[PDB]
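As structure tokens, the structure follows; a few thoughts come after it.
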Amino acid sequence: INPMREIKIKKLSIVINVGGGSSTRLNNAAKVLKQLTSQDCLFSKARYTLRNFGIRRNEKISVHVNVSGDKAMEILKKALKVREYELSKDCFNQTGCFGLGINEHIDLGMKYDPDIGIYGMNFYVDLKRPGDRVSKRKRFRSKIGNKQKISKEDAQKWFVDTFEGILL
Amino acid sequence: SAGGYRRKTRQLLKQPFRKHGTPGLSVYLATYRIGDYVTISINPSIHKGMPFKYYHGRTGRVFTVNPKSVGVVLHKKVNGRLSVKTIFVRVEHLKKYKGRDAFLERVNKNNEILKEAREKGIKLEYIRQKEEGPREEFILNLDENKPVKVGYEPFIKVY
Amino acid sequence: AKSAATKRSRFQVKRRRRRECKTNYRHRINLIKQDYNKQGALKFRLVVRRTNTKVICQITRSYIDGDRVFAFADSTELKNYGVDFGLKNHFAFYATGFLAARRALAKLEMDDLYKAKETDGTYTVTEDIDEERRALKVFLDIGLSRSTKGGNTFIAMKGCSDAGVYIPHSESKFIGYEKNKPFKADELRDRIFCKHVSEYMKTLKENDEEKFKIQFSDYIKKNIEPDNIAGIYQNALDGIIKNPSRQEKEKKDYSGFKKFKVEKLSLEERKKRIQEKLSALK
RNA sequence: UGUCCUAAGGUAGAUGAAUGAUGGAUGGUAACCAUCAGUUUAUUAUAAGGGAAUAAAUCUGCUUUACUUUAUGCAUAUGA
RNA sequence: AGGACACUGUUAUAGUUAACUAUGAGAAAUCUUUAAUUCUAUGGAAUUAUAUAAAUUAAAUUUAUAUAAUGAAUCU
RNA sequence: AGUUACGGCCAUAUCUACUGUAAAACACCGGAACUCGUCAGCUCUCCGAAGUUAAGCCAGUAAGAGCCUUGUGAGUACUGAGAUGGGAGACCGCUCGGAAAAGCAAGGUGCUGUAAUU
Ligand SMILES: [Mg+2]
Ligand SMILES: [Mg+2]
């Protein structure tokens, strides 16, 4: 097999959905993502005003951080142990990605620190083969070939081999 | 449809089908000199230098060349007479008027015939445009041509 | 609720050179405009492009049927002067345009009146002589690449000004310039010569002997020492001022290469292949 | 239609808009995050018409060309 | 004008696994299209040699101006 | 005889499926000591040459969609000039001239300018 046909991990994304008017719940949760990885947080705003969710327009809601490198492997190997390395069949998309969510970040292995509080988050991963610079460059922009795109069953193969786990 | 500068332009200032967008480089590379012949065609994608809508498609002559404008002289039909107009337009609204090219070639070739006949004692046999008169004679052959009988035919309804 | 056929018929296809993501058509037209009075005077432009392992520099003047080149220079021509280890460095952009502008004047015989300067790094723009012809005028095409402070494209126009060809530019995009201060001419002189490359090479030896053999392997395989690079680079510039002429190649004939060519299938084989496809079904 | 704008004026640079499909703890028709598709459906102060997809649209920076003086044309004329 | 249902506005019913396939009706403020007619311009000046500039170009290099000579070219 | 850098005309050059290329070139590709840029060397910027022809670029196949062109449609629809022609009217017929589209068949699927390398 040619080594350009391999599958890898492009990036991982973390999202903490808090909804509130207090900046103290934001700034407490902003320290948790810095405590997990040394990157800094990035905020998000609202699109409209929804009374049923306690949301007004142009107002801060949540935080998210995009990570890459080998640091993403240490966060991913922790999160799979919470579900005992067991996943469903429908978590895989048409394009190849998948995700999961954990109710408690204390199960990740941090300290309590009670004034910070207890939160929860959900993760999402990306898979790309080598040769993905073609659709991303400015000069010489073009499409990807039809032979190199990942499908749903290709995620079902690579997940079991790199992590010995159970499919449901 | 009141009296304004751009009245009643719905199909005259519309860009045609599958041809939208800013013009190309072959427009900008052309040059103009004093005494040429130029037709006017509005490109409705630039808004600096458009003439009035009356002059769309009339040919004139170029008398001045400015850093941003070209001067064209024309003729308008005011109530009794034929007057003289001057307008300044941009380069992206013009076109080189053809129609003298067959004439200017005839000038250059007749000037060569005059030169070769100077060395001889003959009279000039110039080139002028042809004339069409009565129908000339021709010769048909009945060896391979057979006549076809034509007649009427009875009427038949379409259903 | 439109069909699949109407969505294709209403499609307007962009231009061919825009389709391949190679040019910016609004940027080109503003470069080659001209006032209408100067009919006989065509503009010049210098093109600086790089491939993955080369630097290409051309001087052109545009026409209706297509462009034409006046003089070109290739970064792979520097083997004749002794620089063949770095073909994409900060020095490689400088010497290529320096050979380009030196080659253009020798077509016009202005080599005696306008000669090269010494590579000091001071911000200067050449001027006119009192009685003779004025200097030549060339503008710069940046292409599609973004503009930064220490870019490699901006140092190639520095090489054209040192050959004597007049190019309007300002010192704001150079290395060692800060606002409201005199220009640090010696700091620019350390990036023109490959001093930062040599001190990275000296640092890697005592720090990581394993990583250094991977990164600078052609510097290892050729017998090239880091403490002497600018002695070789300075010797390379002196040969260009002596002789800028090209060297001719003999013309061979390549007609045996025609065998890697596929024609289109004819009409007789097209109608034959259809009935064999219909034969297997019945 | 008798209005609005120190930016909604000037210029440089960066940029797949509206929407749809499939997924992700609490999360539902509808909160946020990733992936793929996306020929102009979106926006451009306003009536209608015309124009614009490396964009005249959305962001980031810097500024006051919302100047002073010689001559001429176009609506448009016999004529302010 | 004629034409078309492909864009914008409109309308009757049957089928196949919201999408495709049929037979019907249409447009003063709709257009992938498009005649008969109406109108604008050319059908004689161009080339050569020499000179002038304070314009213009990298440049006798262009853009312009003079003087000399060489001419009747579509039907009524 | 093909590539590669600038292009002119801007679909015969687009879109959806499969298949192939010796040399050289073009790419993918390895990293952040310095200039520069981000939440993230993803993009941009700056140094490189272990690996790979899987993709991109180039060239092919399809009773393929789309575009381009010839014939039929058809002297059919329509129309410039005219008469003490016909009809309650709506309108129709004749003489001397000009002359269509949509479909339905058959065929095609970029051409080219300056320079460089095998
Ligand atoms: Mg204005
Ligand atoms: Mg505006």
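Residues in the structure tokens are named by chain (A, B, ... in the order shown) and by number from 1 within that chain; ligands are numbered from 1 in the order shown.
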
If DSSP is run on the backbone, what residues of segment 73-109 of chain B are helix (DSSP H, G or I)? A reply as a list in words would be ideal.
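Restricting segment 73-109 of chain B to helix (DSSP H, G or I) produces residues 91, 92, 93, 101, 102, 103, 104, 105, 106, 107, 108 and 109 of chain B.
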
Could you pull out the residues sitting within 12 Å of ligand 2, using only C-alpha atoms (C1' of nucleotides) and all ligand atoms, and write them as a PyMOL selection string?
chain D and resi 5+7-10+43-45+56-57

All residues 9 Å or closer to residue 94 of chain A, only C-alpha atoms (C1' of nucleotides), same chain fewer than 5 positions away omitted, as a PyMOL selection string
(chain A and resi 150-152) or (chain D and resi 22-23+35-36)

Store the residues picked out above in a file with C-alpha atoms (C1' of nucleotides), as a PDB file, in the first residue's frame.
```
ATOM      1  CA  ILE A 150     -13.224   9.032   3.200  1.00  0.00           C
ATOM      2  CA  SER A 151     -16.627   7.344   3.576  1.00  0.00           C
ATOM      3  CA  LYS A 152     -18.669   6.021   6.478  1.00  0.00           C
TER       4      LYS A 152
ATOM      5  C1'   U D  22     -25.429  14.874   7.748  1.00  0.00           C
ATOM      6  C1'   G D  23     -23.720  14.745  12.967  1.00  0.00           C
ATOM      7  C1'   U D  35     -17.720  18.543   7.535  1.00  0.00           C
ATOM      8  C1'   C D  36     -19.685  18.691   2.528  1.00  0.00           C
TER       9        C D  36
END
```

Please check which protein, DNA or RNA residues sit within 12 Å of ligand 1, counting only C-alpha atoms (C1' of nucleotides) and all ligand atoms, and write them as JSON, numbers by chain.
{"B": [46, 47, 48, 49], "D": [9]}

Written file, previous selection with C-alpha atoms (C1' of nucleotides), as a PDB file, in the first residue's frame:
```pdb
ATOM      1  CA  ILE B  46     -18.991  52.021 -16.382  1.00  0.00           C
ATOM      2  CA  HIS B  47     -20.678  55.202 -15.193  1.00  0.00           C
ATOM      3  CA  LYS B  48     -18.016  57.813 -15.990  1.00  0.00           C
ATOM      4  CA  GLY B  49     -18.136  59.155 -19.529  1.00  0.00           C
TER       5      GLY B  49
ATOM      6  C1'   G D   9     -17.481  60.027   1.727  1.00  0.00           C
TER       7        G D   9
END
```

Please report as an mmCIF file with N, CA and C atoms, in the first residue's frame which residues of chain B come no farther than 10 Å from chain D, using only C-alpha atoms (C1' of nucleotides).
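Saved result, iface.cif, follows:
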```cif
data_model
loop_
_atom_site.group_PDB
_atom_site.id
_atom_site.type_symbol
_atom_site.label_atom_id
_atom_site.label_comp_id
_atom_site.auth_asym_id
_atom_site.auth_seq_id
_atom_site.Cartn_x
_atom_site.Cartn_y
_atom_site.Cartn_z
ATOM 1 N N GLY B 3 -38.922 63.833 -18.018
ATOM 2 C CA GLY B 3 -37.805 64.292 -18.813
ATOM 3 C C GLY B 3 -36.515 64.349 -18.031
ATOM 4 N N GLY B 4 -35.721 63.285 -18.118
ATOM 5 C CA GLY B 4 -34.485 63.199 -17.371
ATOM 6 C C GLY B 4 -33.346 62.820 -18.293
ATOM 7 N N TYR B 5 -32.204 62.503 -17.686
ATOM 8 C CA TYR B 5 -31.012 62.251 -18.487
ATOM 9 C C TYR B 5 -30.991 60.835 -19.036
ATOM 10 N N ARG B 6 -31.700 59.919 -18.400
ATOM 11 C CA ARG B 6 -31.618 58.506 -18.731
ATOM 12 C C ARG B 6 -33.004 57.907 -18.895
ATOM 13 N N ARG B 7 -33.871 58.592 -19.629
ATOM 14 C CA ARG B 7 -35.258 58.170 -19.719
ATOM 15 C C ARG B 7 -35.436 57.076 -20.761
ATOM 16 N N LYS B 8 -36.327 56.132 -20.441
ATOM 17 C CA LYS B 8 -36.827 55.098 -21.356
ATOM 18 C C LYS B 8 -35.712 54.187 -21.868
ATOM 19 N N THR B 9 -34.867 53.728 -20.948
ATOM 20 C CA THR B 9 -33.767 52.825 -21.274
ATOM 21 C C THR B 9 -33.960 51.525 -20.514
ATOM 22 N N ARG B 10 -34.657 50.573 -21.118
ATOM 23 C CA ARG B 10 -34.806 49.251 -20.529
ATOM 24 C C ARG B 10 -34.152 48.177 -21.377
ATOM 25 N N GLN B 11 -34.206 48.306 -22.694
ATOM 26 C CA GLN B 11 -33.566 47.340 -23.568
ATOM 27 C C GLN B 11 -32.392 47.929 -24.328
ATOM 28 N N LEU B 12 -32.109 49.215 -24.133
ATOM 29 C CA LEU B 12 -30.954 49.817 -24.781
ATOM 30 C C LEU B 12 -29.737 49.797 -23.869
ATOM 31 N N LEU B 13 -29.946 49.809 -22.560
ATOM 32 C CA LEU B 13 -28.853 49.839 -21.596
ATOM 33 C C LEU B 13 -28.928 48.587 -20.729
ATOM 34 N N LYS B 14 -29.189 47.456 -21.368
ATOM 35 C CA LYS B 14 -29.148 46.161 -20.709
ATOM 36 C C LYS B 14 -28.047 45.341 -21.357
ATOM 37 N N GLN B 15 -27.233 44.690 -20.539
ATOM 38 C CA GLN B 15 -26.140 43.898 -21.071
ATOM 39 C C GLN B 15 -26.673 42.535 -21.509
ATOM 40 N N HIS B 20 -22.261 39.232 -19.055
ATOM 41 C CA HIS B 20 -22.046 40.239 -18.034
ATOM 42 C C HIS B 20 -20.561 40.353 -17.698
ATOM 43 N N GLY B 21 -20.201 41.450 -17.049
ATOM 44 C CA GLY B 21 -18.872 41.625 -16.500
ATOM 45 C C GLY B 21 -18.111 42.771 -17.140
ATOM 46 N N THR B 22 -17.024 43.136 -16.474
ATOM 47 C CA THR B 22 -16.109 44.200 -16.866
ATOM 48 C C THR B 22 -15.390 43.820 -18.153
ATOM 49 N N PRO B 44 -22.650 49.325 -20.850
ATOM 50 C CA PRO B 44 -23.355 49.781 -19.647
ATOM 51 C C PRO B 44 -22.815 49.207 -18.341
ATOM 52 N N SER B 45 -21.494 49.195 -18.203
ATOM 53 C CA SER B 45 -20.859 48.739 -16.980
ATOM 54 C C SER B 45 -19.987 49.789 -16.322
ATOM 55 N N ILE B 46 -19.732 50.917 -16.973
ATOM 56 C CA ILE B 46 -18.991 52.021 -16.382
ATOM 57 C C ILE B 46 -19.884 53.251 -16.401
ATOM 58 N N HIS B 47 -19.786 54.069 -15.361
ATOM 59 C CA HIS B 47 -20.678 55.202 -15.193
ATOM 60 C C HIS B 47 -19.967 56.539 -15.286
ATOM 61 N N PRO B 51 -22.218 59.021 -22.918
ATOM 62 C CA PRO B 51 -22.922 60.104 -23.606
ATOM 63 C C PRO B 51 -24.427 59.989 -23.447
ATOM 64 N N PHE B 52 -25.174 60.854 -24.120
ATOM 65 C CA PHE B 52 -26.621 60.737 -24.149
ATOM 66 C C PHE B 52 -27.028 59.521 -24.976
ATOM 67 N N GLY B 71 -12.355 63.475 -28.608
ATOM 68 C CA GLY B 71 -13.373 64.363 -29.138
ATOM 69 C C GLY B 71 -13.941 63.922 -30.471
ATOM 70 N N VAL B 78 -31.782 69.270 -35.938
ATOM 71 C CA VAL B 78 -32.563 70.275 -35.231
ATOM 72 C C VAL B 78 -33.547 70.814 -36.262
ATOM 73 N N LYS B 85 -22.363 68.903 -33.703
ATOM 74 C CA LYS B 85 -22.212 68.605 -32.287
ATOM 75 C C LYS B 85 -20.824 68.063 -31.996
ATOM 76 N N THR B 86 -20.328 68.332 -30.789
ATOM 77 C CA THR B 86 -19.074 67.777 -30.294
ATOM 78 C C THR B 86 -19.311 67.163 -28.923
ATOM 79 N N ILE B 87 -18.741 65.980 -28.686
ATOM 80 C CA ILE B 87 -18.852 65.289 -27.407
ATOM 81 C C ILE B 87 -17.509 64.675 -27.040
ATOM 82 N N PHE B 88 -17.275 64.528 -25.738
ATOM 83 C CA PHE B 88 -16.077 63.893 -25.209
ATOM 84 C C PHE B 88 -16.450 62.604 -24.491
#
```

Just list the residues in chain A DSSP gives strand (DSSP E) on the backbone, as a PDB file with N, CA and C atoms, in the first residue's frame.
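Just written: selection28.pdb:
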```
ATOM      1  N   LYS A   8      -5.293   9.948   8.801  1.00  0.00           N
ATOM      2  CA  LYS A   8      -4.727  10.615   9.963  1.00  0.00           C
ATOM      3  C   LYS A   8      -5.788  11.452  10.660  1.00  0.00           C
ATOM      4  N   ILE A   9      -5.329  12.286  11.585  1.00  0.00           N
ATOM      5  CA  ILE A   9      -6.194  13.174  12.351  1.00  0.00           C
ATOM      6  C   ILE A   9      -5.806  14.605  12.010  1.00  0.00           C
ATOM      7  N   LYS A  10      -6.754  15.375  11.483  1.00  0.00           N
ATOM      8  CA  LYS A  10      -6.443  16.753  11.127  1.00  0.00           C
ATOM      9  C   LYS A  10      -6.486  17.654  12.351  1.00  0.00           C
ATOM     10  N   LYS A  11      -7.637  17.728  13.008  1.00  0.00           N
ATOM     11  CA  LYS A  11      -7.783  18.599  14.163  1.00  0.00           C
ATOM     12  C   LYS A  11      -8.909  18.075  15.035  1.00  0.00           C
ATOM     13  N   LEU A  12      -8.971  18.605  16.251  1.00  0.00           N
ATOM     14  CA  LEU A  12     -10.030  18.304  17.199  1.00  0.00           C
ATOM     15  C   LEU A  12     -10.596  19.623  17.695  1.00  0.00           C
ATOM     16  N   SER A  13     -11.885  19.634  18.015  1.00  0.00           N
ATOM     17  CA  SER A  13     -12.574  20.829  18.472  1.00  0.00           C
ATOM     18  C   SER A  13     -13.293  20.527  19.775  1.00  0.00           C
ATOM     19  N   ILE A  14     -13.234  21.462  20.715  1.00  0.00           N
ATOM     20  CA  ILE A  14     -13.912  21.339  21.999  1.00  0.00           C
ATOM     21  C   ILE A  14     -14.883  22.504  22.138  1.00  0.00           C
ATOM     22  N   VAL A  15     -16.044  22.245  22.735  1.00  0.00           N
ATOM     23  CA  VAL A  15     -17.107  23.237  22.870  1.00  0.00           C
ATOM     24  C   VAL A  15     -17.749  23.071  24.239  1.00  0.00           C
ATOM     25  N   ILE A  16     -17.775  24.150  25.017  1.00  0.00           N
ATOM     26  CA  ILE A  16     -18.508  24.193  26.277  1.00  0.00           C
ATOM     27  C   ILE A  16     -19.702  25.116  26.094  1.00  0.00           C
ATOM     28  N   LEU A  42     -11.657  31.092  22.709  1.00  0.00           N
ATOM     29  CA  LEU A  42     -12.281  31.920  21.688  1.00  0.00           C
ATOM     30  C   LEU A  42     -13.780  31.947  21.933  1.00  0.00           C
ATOM     31  N   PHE A  43     -14.349  33.147  21.988  1.00  0.00           N
ATOM     32  CA  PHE A  43     -15.741  33.293  22.382  1.00  0.00           C
ATOM     33  C   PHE A  43     -16.671  33.153  21.184  1.00  0.00           C
ATOM     34  N   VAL A  63     -17.813  29.221  24.550  1.00  0.00           N
ATOM     35  CA  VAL A  63     -16.402  29.253  24.187  1.00  0.00           C
ATOM     36  C   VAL A  63     -16.052  27.973  23.442  1.00  0.00           C
ATOM     37  N   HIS A  64     -15.030  28.047  22.589  1.00  0.00           N
ATOM     38  CA  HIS A  64     -14.557  26.893  21.839  1.00  0.00           C
ATOM     39  C   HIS A  64     -13.096  27.080  21.462  1.00  0.00           C
ATOM     40  N   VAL A  65     -12.386  25.960  21.326  1.00  0.00           N
ATOM     41  CA  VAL A  65     -10.952  25.945  21.061  1.00  0.00           C
ATOM     42  C   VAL A  65     -10.650  24.843  20.053  1.00  0.00           C
ATOM     43  N   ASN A  66      -9.937  25.192  18.988  1.00  0.00           N
ATOM     44  CA  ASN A  66      -9.487  24.231  17.994  1.00  0.00           C
ATOM     45  C   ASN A  66      -8.051  23.831  18.292  1.00  0.00           C
ATOM     46  N   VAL A  67      -7.811  22.529  18.413  1.00  0.00           N
ATOM     47  CA  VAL A  67      -6.500  21.994  18.756  1.00  0.00           C
ATOM     48  C   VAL A  67      -6.052  21.069  17.631  1.00  0.00           C
ATOM     49  N   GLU A  86     -16.443   2.321  23.680  1.00  0.00           N
ATOM     50  CA  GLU A  86     -17.618   1.775  23.012  1.00  0.00           C
ATOM     51  C   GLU A  86     -18.385   2.911  22.356  1.00  0.00           C
ATOM     52  N   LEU A  87     -18.738   2.733  21.085  1.00  0.00           N
ATOM     53  CA  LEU A  87     -19.435   3.756  20.324  1.00  0.00           C
ATOM     54  C   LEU A  87     -20.564   3.137  19.516  1.00  0.00           C
ATOM     55  N   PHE A  98     -16.696  12.102  13.331  1.00  0.00           N
ATOM     56  CA  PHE A  98     -17.555  11.647  14.417  1.00  0.00           C
ATOM     57  C   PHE A  98     -17.323  12.493  15.660  1.00  0.00           C
ATOM     58  N   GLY A  99     -18.138  12.256  16.684  1.00  0.00           N
ATOM     59  CA  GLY A  99     -18.016  13.006  17.920  1.00  0.00           C
ATOM     60  C   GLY A  99     -18.636  12.283  19.094  1.00  0.00           C
ATOM     61  N   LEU A 100     -18.523  12.915  20.259  1.00  0.00           N
ATOM     62  CA  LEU A 100     -19.032  12.379  21.512  1.00  0.00           C
ATOM     63  C   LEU A 100     -19.149  13.514  22.515  1.00  0.00           C
ATOM     64  N   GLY A 101     -19.773  13.231  23.651  1.00  0.00           N
ATOM     65  CA  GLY A 101     -19.943  14.218  24.710  1.00  0.00           C
ATOM     66  C   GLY A 101     -19.916  13.584  26.086  1.00  0.00           C
ATOM     67  N   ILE A 102     -19.355  14.311  27.053  1.00  0.00           N
ATOM     68  CA  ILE A 102     -19.231  13.856  28.435  1.00  0.00           C
ATOM     69  C   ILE A 102     -19.907  14.890  29.329  1.00  0.00           C
ATOM     70  N   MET A 121     -18.788  19.007  28.359  1.00  0.00           N
ATOM     71  CA  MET A 121     -18.422  19.431  27.020  1.00  0.00           C
ATOM     72  C   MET A 121     -18.635  18.286  26.047  1.00  0.00           C
ATOM     73  N   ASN A 122     -18.466  18.594  24.768  1.00  0.00           N
ATOM     74  CA  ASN A 122     -18.557  17.609  23.705  1.00  0.00           C
ATOM     75  C   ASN A 122     -17.501  17.871  22.640  1.00  0.00           C
ATOM     76  N   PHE A 123     -16.945  16.791  22.104  1.00  0.00           N
ATOM     77  CA  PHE A 123     -15.803  16.844  21.208  1.00  0.00           C
ATOM     78  C   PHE A 123     -16.228  16.455  19.803  1.00  0.00           C
ATOM     79  N   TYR A 124     -15.386  16.779  18.825  1.00  0.00           N
ATOM     80  CA  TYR A 124     -15.606  16.407  17.436  1.00  0.00           C
ATOM     81  C   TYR A 124     -14.263  16.351  16.727  1.00  0.00           C
ATOM     82  N   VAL A 125     -14.065  15.333  15.893  1.00  0.00           N
ATOM     83  CA  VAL A 125     -12.767  15.050  15.293  1.00  0.00           C
ATOM     84  C   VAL A 125     -12.872  15.159  13.782  1.00  0.00           C
ATOM     85  N   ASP A 126     -11.736  15.384  13.131  1.00  0.00           N
ATOM     86  CA  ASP A 126     -11.639  15.442  11.680  1.00  0.00           C
ATOM     87  C   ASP A 126     -10.604  14.435  11.194  1.00  0.00           C
ATOM     88  N   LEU A 127     -10.882  13.803  10.057  1.00  0.00           N
ATOM     89  CA  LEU A 127      -9.982  12.839   9.435  1.00  0.00           C
ATOM     90  C   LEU A 127      -9.695  13.287   8.013  1.00  0.00           C
ATOM     91  N   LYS A 128      -8.416  13.355   7.655  1.00  0.00           N
ATOM     92  CA  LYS A 128      -8.013  13.717   6.305  1.00  0.00           C
ATOM     93  C   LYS A 128      -6.817  12.877   5.890  1.00  0.00           C
ATOM     94  N   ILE A 166     -15.523  -1.506  20.685  1.00  0.00           N
ATOM     95  CA  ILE A 166     -16.737  -2.237  20.347  1.00  0.00           C
ATOM     96  C   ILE A 166     -17.679  -1.300  19.608  1.00  0.00           C
ATOM     97  N   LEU A 167     -18.258  -1.789  18.517  1.00  0.00           N
ATOM     98  CA  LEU A 167     -19.256  -1.055  17.755  1.00  0.00           C
ATOM     99  C   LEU A 167     -20.645  -1.562  18.118  1.00  0.00           C
TER     100      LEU A 167
END
```

Per residue of chain C within 7 Å of chain B, what are the shortest atom pair and its distance in Å to one decimal, counting only C-alpha atoms, with rows by chain and residue number, as a Markdown table?
```
| residue | atom | partner | partner_atom | distance |
| --- | --- | --- | --- | --- |
| C:12 | CA | B:18 | CA | 5.6 |
| C:29 | CA | B:25 | CA | 6.6 |
| C:33 | CA | B:28 | CA | 6.9 |
| C:35 | CA | B:67 | CA | 5.0 |
| C:36 | CA | B:67 | CA | 5.3 |
| C:37 | CA | B:67 | CA | 6.1 |
| C:39 | CA | B:31 | CA | 6.1 |
| C:64 | CA | B:26 | CA | 6.2 |
```

Take the residues from that selection and put them in a file with N, CA and C atoms, as a PDB file, in the first residue's frame.
```pdb
ATOM      1  N   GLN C  12     -22.888  30.883 -16.618  1.00  0.00           N
ATOM      2  CA  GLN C  12     -21.897  31.718 -17.283  1.00  0.00           C
ATOM      3  C   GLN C  12     -20.516  31.315 -16.794  1.00  0.00           C
ATOM      4  N   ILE C  29      -5.170  45.175 -15.411  1.00  0.00           N
ATOM      5  CA  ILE C  29      -5.612  46.262 -16.277  1.00  0.00           C
ATOM      6  C   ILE C  29      -5.136  47.605 -15.739  1.00  0.00           C
ATOM      7  N   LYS C  33      -2.528  50.255 -18.114  1.00  0.00           N
ATOM      8  CA  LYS C  33      -3.243  51.399 -18.658  1.00  0.00           C
ATOM      9  C   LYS C  33      -2.262  52.395 -19.255  1.00  0.00           C
ATOM     10  N   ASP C  35      -2.310  56.787 -20.728  1.00  0.00           N
ATOM     11  CA  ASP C  35      -2.956  57.996 -21.214  1.00  0.00           C
ATOM     12  C   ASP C  35      -2.964  58.002 -22.735  1.00  0.00           C
ATOM     13  N   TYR C  36      -3.959  58.676 -23.310  1.00  0.00           N
ATOM     14  CA  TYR C  36      -4.248  58.475 -24.725  1.00  0.00           C
ATOM     15  C   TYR C  36      -3.288  59.247 -25.624  1.00  0.00           C
ATOM     16  N   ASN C  37      -2.588  60.245 -25.081  1.00  0.00           N
ATOM     17  CA  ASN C  37      -1.704  61.056 -25.915  1.00  0.00           C
ATOM     18  C   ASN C  37      -0.443  60.298 -26.298  1.00  0.00           C
ATOM     19  N   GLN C  39       0.734  57.509 -27.644  1.00  0.00           N
ATOM     20  CA  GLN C  39       0.347  56.327 -28.405  1.00  0.00           C
ATOM     21  C   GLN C  39       1.542  55.423 -28.666  1.00  0.00           C
ATOM     22  N   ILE C  64      -1.530  42.847 -28.512  1.00  0.00           N
ATOM     23  CA  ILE C  64      -2.914  42.414 -28.666  1.00  0.00           C
ATOM     24  C   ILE C  64      -2.997  40.899 -28.800  1.00  0.00           C
TER      25      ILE C  64
END
```

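The two atoms in question, atom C1' of residue 64 of chain D and atom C1' of residue 12 of chain D, are spaced 16.7 Å apart.
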
Excluding residue 19 of chain A and any residue of its chain fewer than 6 positions from it, enumerate the residues within 12 Å of it, using only C-alpha atoms (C1' of nucleotides), and give them as a PyMOL selection string.
(chain A and resi 25-26+29+44-46+50+52-56+59-63+119) or (chain D and resi 26-27+31-32)

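Among the candidates F:111, F:81, F:5, F:49, the residue lying nearest to residue 98 of chain F is F:81 (atoms considered: only C-alpha atoms (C1' of nucleotides)).
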
Distance limit 10 Å, atoms considered: only C-alpha atoms (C1' of nucleotides). Which chain F residues sit that close to chain B? Return them as JSON, numbers by chain.
{"F": [8, 9, 10]}

Residue selection dump (N, CA, C and O atoms (P, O5', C5', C4', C3', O3' and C1' of nucleotides)) as a PDB file, in the first residue's frame:
```
ATOM      1  P     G F   8      -5.070  38.413 -21.546  1.00  0.00           P
ATOM      2  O5'   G F   8      -5.160  38.222 -23.120  1.00  0.00           O
ATOM      3  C5'   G F   8      -4.984  39.320 -23.999  1.00  0.00           C
ATOM      4  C4'   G F   8      -5.471  38.994 -25.387  1.00  0.00           C
ATOM      5  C3'   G F   8      -6.911  38.523 -25.481  1.00  0.00           C
ATOM      6  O3'   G F   8      -7.820  39.604 -25.555  1.00  0.00           O
ATOM      7  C1'   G F   8      -5.509  37.076 -26.725  1.00  0.00           C
ATOM      8  P     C F   9      -9.275  39.493 -24.892  1.00  0.00           P
ATOM      9  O5'   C F   9     -10.043  38.438 -25.805  1.00  0.00           O
ATOM     10  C5'   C F   9     -10.452  38.782 -27.119  1.00  0.00           C
ATOM     11  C4'   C F   9     -10.934  37.584 -27.899  1.00  0.00           C
ATOM     12  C3'   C F   9     -12.092  36.808 -27.303  1.00  0.00           C
ATOM     13  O3'   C F   9     -13.345  37.428 -27.516  1.00  0.00           O
ATOM     14  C1'   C F   9     -10.450  35.303 -28.104  1.00  0.00           C
ATOM     15  P     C F  10     -14.262  37.838 -26.267  1.00  0.00           P
ATOM     16  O5'   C F  10     -14.498  36.475 -25.477  1.00  0.00           O
ATOM     17  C5'   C F  10     -15.290  35.432 -26.034  1.00  0.00           C
ATOM     18  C4'   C F  10     -15.050  34.111 -25.345  1.00  0.00           C
ATOM     19  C3'   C F  10     -15.890  33.860 -24.098  1.00  0.00           C
ATOM     20  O3'   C F  10     -16.182  32.465 -23.995  1.00  0.00           O
ATOM     21  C1'   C F  10     -13.607  33.807 -23.527  1.00  0.00           C
TER      22        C F  10
END
```
